[PDB]
Engineer: 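Dropping a structure here in structure tokens format, bear with me for questions.
Every chain is numbered from 1 and lettered A, B, ... according to where its sequence line falls, protein lines coming before strand lines. Indexing begins at 1, ligand by ligand and atom by atom, following the structure's order. Scope of the values below: all heavy atoms of this structure, side chains included, with no hydrogens, waters or symmetry mates.
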Amino acid sequence: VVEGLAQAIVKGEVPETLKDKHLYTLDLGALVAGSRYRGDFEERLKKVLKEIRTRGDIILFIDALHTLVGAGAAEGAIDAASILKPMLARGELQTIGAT
Amino acid sequence: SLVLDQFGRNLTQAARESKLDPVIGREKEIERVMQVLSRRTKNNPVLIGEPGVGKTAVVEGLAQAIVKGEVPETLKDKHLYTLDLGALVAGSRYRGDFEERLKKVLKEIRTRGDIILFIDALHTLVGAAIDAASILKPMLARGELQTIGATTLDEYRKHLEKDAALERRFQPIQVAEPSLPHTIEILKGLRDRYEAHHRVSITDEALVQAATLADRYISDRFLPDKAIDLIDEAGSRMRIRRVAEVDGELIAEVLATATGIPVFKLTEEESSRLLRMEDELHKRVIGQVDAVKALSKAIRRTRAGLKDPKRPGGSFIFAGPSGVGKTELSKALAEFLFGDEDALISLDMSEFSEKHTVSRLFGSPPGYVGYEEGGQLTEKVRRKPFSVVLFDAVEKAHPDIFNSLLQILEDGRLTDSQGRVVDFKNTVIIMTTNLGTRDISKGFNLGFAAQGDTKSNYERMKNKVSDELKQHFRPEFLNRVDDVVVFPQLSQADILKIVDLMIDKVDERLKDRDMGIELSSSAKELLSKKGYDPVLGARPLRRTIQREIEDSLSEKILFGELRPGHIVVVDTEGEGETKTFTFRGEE
Amino acid sequence: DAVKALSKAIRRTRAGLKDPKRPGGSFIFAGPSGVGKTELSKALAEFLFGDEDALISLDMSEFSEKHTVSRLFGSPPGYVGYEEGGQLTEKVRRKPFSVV
Ligand SMILES: Nc1ncnc2c1ncn2[C@@H]1O[C@H](COP(=O)(O)OP(=O)(O)OP(=O)(O)O)[C@@H](O)[C@H]1O
Ligand SMILES: Nc1ncnc2c1ncn2[C@@H]1O[C@H](COP(=O)(O)OP(=O)(O)OP(=O)(O)O)[C@@H](O)[C@H]1O
Ligand SMILES: Nc1ncnc2c1ncn2[C@@H]1O[C@H](COP(=O)(O)OP(=O)(O)O)[C@@H](O)[C@H]1O
Ligand SMILES: [Mg+2]
Ligand SMILES: [Mg+2]
């Protein structure tokens, strides 16, 4: 379904509200692949979310929402779900989930 | 108060600039809130209600009221701040910054002295990055914190009840679901904002029909939010197809394409179908005129709104002998009402002969294996709220199955081991049995019998079956069943009809290999004569058909006499008991 | 006749005269099927407590054999379901003002 949505967006059969929007599939594990030092995972996630906010014309796709609850949790590491919760509740980010 | 502003949200300022949804018809709970907040003990209020009723909307309306200055001087000059836990968690991973920023926040809170805090989703703060729970509890124990909380009823009873320390400091306020006029009022209030956002226009008829459709044909979600969802969804549909206008059939079809296939129209064409229901059913079921008539009458009465909306859409006890059409009628009903046989949820009760198997019906108790998975029936009903539930051979199950099953008959809702509630109001319940038909299956009576074998039939058989079943079953269970339908054994003439249907099935099996079969009237009469048995009724006919046709047809196929692209004509030879079948292959 | 008798009995039982060791009232309804027995009980409960849910109705047909009798009076320790009490007792715990 998301594949066909991307094909429709690139081909040009979408309403004018979307037109040229970029579907980016998130890649978990790559975010965690190097988060060993002080401030590595939270900073990466905040940076990517801020870049999405700055661009504006980006929409995210998560292929497994059940894996989102607990990604880089540690002695601290509030985790990715808590980071995503506030601005998702504020309605300033558009994401499509698949489970 | 830089720390306070960084880690808090002002509802009063937002109300001043009107960033909040309007509230109407909800002053009771806010009046209760400052009713209980003015006490000396248990001054901290907690709003208990089902999710979506608007507890957040409750505190938003409280902020609106305090901004409007409609509250006595006790609550005046008090700044309301919702504690933005997202602000606390965000950016806080320094080894010690967490709970220490909270220390600054709380010390500023007590220092200011004219402040009020709001805590939404109190479960994360009480009875739950985790040590923050242990800080607020002593603060409320001391008693100088005036906070307003909000919590779901099940969570409140499961977790907030056991916190004996805060039992003497919290007071509960219940919030009930809004009535349909209240929903209409809220829809009217949100009309302006939603029309401005969607750049469309909506009418009052759309509002009332959306509210009614949400109340009647949706059960998982709840009224004060799902009507808003439907109108926003319709507005999005009108926005994406291009001043736009939204009418009733528009939201009707949006709901139809949203969740399942609820009503899919409001015209009279489906009503004409319900007028032709008996003729439609008789294309799969042959000879059971009384059963089809009673079922059609009951479901037509249900469709007319003359039944209790709380109760399910129909309850039938199909009592009869073996192989008469008890399951074929259920399959035909499933095909007619929902377009496919897959809509029928069949449960063979022969696997529920032991009481401890009841756990597999609606899950296992907590703490045991298999708890993470739900019940095999409750979850399946939740997936498809519009389905026909069949309990095949209901008499072979343990009586605890009946104990659990009656609840569906009374209140149409079931609670599983996980505490969730599933609604059975949009389903048809059929329970099949062979009990009470021992005298109908065979009977000659003792003594000389006159010419007869024809009586009032349906009425006397129904009364006898009902009294026998209430002798064997619980009388209240039979009393609450919508209808008890007795299936008489098949006659001879209708058998000659059934043959045709069965032959058609065989023809389908020959369509895969590019073949076909045709029979003469004499062959059909011979098949009906050979396959007639008034005690069993239909399966012996199938055995006779298989033996006399497809045996000696498979042999011809294997031998090579019949090839793809051919038709097998079947006729009869001989007379009387010497009659036999003859097969001839042609192009 | 039955309504008058029940009214007189309720007057006896609610005048403060009979011993508190006795319950609120004890009645045996005998009659055929399809007559106003269950309806009369429901009306009595509705009048006394202002609600139709103030009626704990139990069928003794469920307890033909004694193995289920304890199910109505709390499970003794050591059973599969001992953590859950009997049906009759916990309903009185939830509401002592009801018609059994
Ligand atoms: N009136 C009928 N019209 C058409 N087919 C029928 C009729 N009665 C029986 N059959 C067919 O004969 C067989 C009888 O099976 P069916 O499911 O109807 O039995 P049943 O009445 O549920 O009996 P039981 O479950 O007690 O064995 C099926 O192949 C069914 O299609
Ligand atoms: N005396 C009555 N006055 C009014 N309605 C009555 C009366 N008797 C019966 N009915 C009606 O018939 C229904 C069945 O009566 P009810 O349930 O009281 O019977 P019952 O004799 O207590 O039951 P059963 O003997 O079958 O266990 C009632 O719900 C009511 O609608
Ligand atoms: N009294 C009301 N006035 C206006 N809108 C309401 C009211 N009650 C509920 N709503 C609407 O219902 C929606 C969901 O309510 P929500 O704030 O989620 O309640 P809760 O947080 O308790 O689940 C909100 O968007 C709100 O607009
Ligand atoms: Mg069957
Ligand atoms: Mg009775």
Engineer: Backbone or side chain, does any N or O of B:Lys326 fall under 3.5 Å from an N or O of ligand 1?
Structural biologist: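 For ligand 1, there is an N or O atom that lies under 3.5 Å from one belonging to B:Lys326.
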
Engineer: Heavy-atom contacts under 4.0 Å between B:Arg284 and ligand 1: side chain, backbone, both, or neither?
Structural biologist: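 Just the backbone.
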
Engineer: When B:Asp340 is tested against each of B:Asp342, B:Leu337, B:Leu344 for side chain to side chain contact (heavy atoms under 4.5 Å, CB included), which residue passes?
Structural biologist: B:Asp342

Engineer: The test is side chain to side chain donor-acceptor pair (under 3.5 Å); show your working for B:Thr56 and B:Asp120 and say whether it passes.
Structural biologist: CA-CA 8 Å; B:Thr56 307; B:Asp120 197 0; 3.3 Å; yes

Engineer: Which of these, B:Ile66, B:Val58, B:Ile173, sits in a side chain to side chain contact (heavy atoms under 4.5 Å, CB included) with B:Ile30?
Structural biologist: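 One option only clears the test, and that one is B:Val58.
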
Engineer: Of B:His198, B:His197, B:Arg237, which meets side-chain hydrogen bond (donor to acceptor under 3.5 Å, both in side chains) against B:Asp232?
Structural biologist: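 Only one option passes, and that is B:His198.
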
Engineer: Closest non-hydrogen protein atom to atom 10 (N) of ligand 3, residue and atom name please, with distance?
Structural biologist: B:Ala57 CB, 4.1 Å

Engineer: Find all atoms of ligand 3 within a distance of less than 4.0 Å from any non-hydrogen atom belonging to B:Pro224, and give their numbers and elements.
Structural biologist: 11 (C), 12 (O)

Engineer: Is atom 12 (O) of ligand 3 near the protein, in the sense that some protein heavy atom lies at less than 4.0 Å from it?
Structural biologist: yes

Engineer: For atom 9 (C) of ligand 3, state which one of B:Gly189, B:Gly61, B:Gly54, B:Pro51 supplies the nearest heavy atom.
Structural biologist: B:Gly54

Engineer: Starting from atom 14 (C) of ligand 1, find the nearest protein heavy-atom neighbour and note its residue, name and distance.
Structural biologist: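 Result: B:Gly323 CA, 3.9 Å.
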
Engineer: Measure the distance from atom 22 (O) of ligand 3 to every protein heavy atom, then report the residue, atom name and distance (to 0.1 Å) of the closest one.
Structural biologist: B:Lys55 N, 2.7 Å

Engineer: Against B:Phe402, only a single residue in B:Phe391, B:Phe352, B:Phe473 fulfils ring-ring contact (aromatic ring centres under 6.0 Å, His included); can you say which?
Structural biologist: B:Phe473

Engineer: One thing to verify: whether B:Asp204 and B:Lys188 come together as a salt bridge, which I'm taking to mean a side-chain N less than 4.0 angstrom from a carboxylate O.
Structural biologist: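 Looking at B:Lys188 and B:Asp204, the cut-off is met.
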
Engineer: I need the protein N, O or S atoms closer than 2.8 Å to the Mg ion (ligand 4), given as residue plus atom name.
Structural biologist: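 B:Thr327 OG1, with waters left out.
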
Engineer: Without swapping roles, check the side chain of B:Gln489 against the backbone of B:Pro534 for a donor-acceptor pair under 3.5 Å.
Structural biologist: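 Checking the backbone N and O of B:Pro534 against the side chain of B:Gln489, a donor-acceptor pair under 3.5 Å is found.
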
Engineer: Does only the side chain of B:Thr56 get under 4.0 Å from ligand 3, or the backbone, or both, or neither? Count heavy atoms.
Structural biologist: both

Engineer: Test: side chain to side chain donor-acceptor pair (under 3.5 Å). Region: residues 16-27 of chain B. Which pairs qualify, not counting sequence neighbours?
Structural biologist: B:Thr12-B:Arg16, B:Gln13-B:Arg16

Engineer: Ligand 1 and B:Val324, any nitrogen or oxygen pair closer than 3.5 angstrom?
Structural biologist: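 Checking ligand 1 against B:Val324, an N or O pair does fall under 3.5 Å apart.
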
Engineer: Could you find the nearest protein heavy atom to atom 4 (C) of ligand 3 and give me its residue, atom name and distance?
Structural biologist: B:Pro22 O, 3.0 Å

Engineer: In the protein, what heavy atom is nearest to atom 31 (O) of ligand 1, and what distance, to one decimal place, separates them?
Structural biologist: B:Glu328 OE1, 2.5 Å

Engineer: Near B:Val23, which atoms of ligand 3 are under 4.0 Å from a heavy atom of that residue?
Structural biologist: 1 (N), 2 (C), 3 (N)

Engineer: Under the side-chain contact (heavy atoms from CB on, under 4.5 Å) criterion, do B:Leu255 and B:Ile218 qualify, and how do the steps go?
Structural biologist: CA-CA 10 Å; B:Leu255 183 73; B:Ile218 287 296; 4.2 Å; yes

Engineer: Considering B:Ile186, B:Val53, B:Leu47, B:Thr151 one by one, which has a heavy atom nearer to atom 2 (C) of ligand 3 than any of the others?
Structural biologist: B:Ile186

Engineer: Look only at interatomic distance and state if B:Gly52 has a nitrogen or oxygen under 3.5 Å from any nitrogen or oxygen of ligand 3.
Structural biologist: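 Yes, B:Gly52 has an N/O under 3.5 Å of an N/O on ligand 3.
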
Engineer: Which of the atoms of ligand 1 are close to B:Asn434, meaning less than 4.0 Å from one of its heavy atoms?
Structural biologist: 26 (O)

Engineer: Please report which non-hydrogen protein atom sits nearest to atom 22 (O) of ligand 1, along with the residue it belongs to and the distance in Å to one decimal place.
Structural biologist: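 Looking at atom 22 (O) of ligand 1, the protein heavy atom closest to it is B:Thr327 OG1, 2.7 Å.
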
Engineer: What atoms of ligand 1 come within less than 4.0 Å of a heavy atom belonging to B:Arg542?
Structural biologist: 13 (C), 28 (C), 29 (O)

Engineer: Please name the residue in the list B:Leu281, B:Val485, B:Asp279 that meets the side chain to side chain contact (heavy atoms under 4.5 Å, CB included) test with B:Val292.
Structural biologist: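 Answer after filtering B:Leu281, B:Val485, B:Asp279: B:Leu281.
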
Engineer: Does the N or O separation between B:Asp21 and ligand 3 drop below 3.5 Å for any pair?
Structural biologist: yes

Engineer: For atom 1 (N) of ligand 1, what is the closest protein heavy atom, and at what distance to 0.1 Å?
Structural biologist: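 Here the closest protein heavy atom is B:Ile286 O, 2.7 Å.
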
Engineer: Is the closest N or O pair between B:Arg539 and ligand 1 shorter than 3.5 Å?
Structural biologist: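 N/O-N/O distance below 3.5 Å exists for this pair.
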
Engineer: Could you tell me whether B:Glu328 and B:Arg284 make a salt bridge, using a distance below 4.0 angstrom between a side-chain N and a carboxylate O?
Structural biologist: yes

Engineer: With the threshold set at 4.0 Å, does a side-chain nitrogen-carboxylate oxygen contact exist between B:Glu548 and B:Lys524?
Structural biologist: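 Result for this pair is no, no salt bridge flagged.
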
Engineer: Mind checking whether B:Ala150 contacts ligand 3 via backbone (N, CA, C, O), side chain (CB onward), both or neither, at a 4.0 Å heavy-atom cut-off?
Structural biologist: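 No part of B:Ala150 comes within reach of ligand 3.
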
Engineer: Let me see the working for B:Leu83 and B:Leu88 under side-chain contact (heavy atoms from CB on, under 4.5 Å), right down to the final yes or no.
Structural biologist: CA-CA 9 Å; B:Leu83 183 63; B:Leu88 277 296; 4.0 Å; yes

Engineer: More than 12 heavy atoms of other residues, nucleotides or ligands under 6.0 Å from NZ of B:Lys464: yes or no?
Structural biologist: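 Result for NZ/B:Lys464: enclosed.
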
Engineer: Charged N to carboxylate O under 4.0 angstrom, B:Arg509 versus B:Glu550?
Structural biologist: yes

Engineer: Would you call B:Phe118 and B:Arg9 a side-chain contact if the rule is heavy atoms closer than 4.5 Å?
Structural biologist: no

Engineer: Under 4.5 Å between any side-chain heavy atoms of B:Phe477 and B:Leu405, yes or no?
Structural biologist: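 B:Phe477 reaches B:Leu405 side chain to side chain.
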
Engineer: Just jot down the ligand 1 atoms closer than 4.0 angstrom to any heavy atom of B:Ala538, in number order.
Structural biologist: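 Near B:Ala538, meaning under 4.0 Å from one of its heavy atoms, ligand 1 has 9 (C), 10 (N), 12 (O).
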
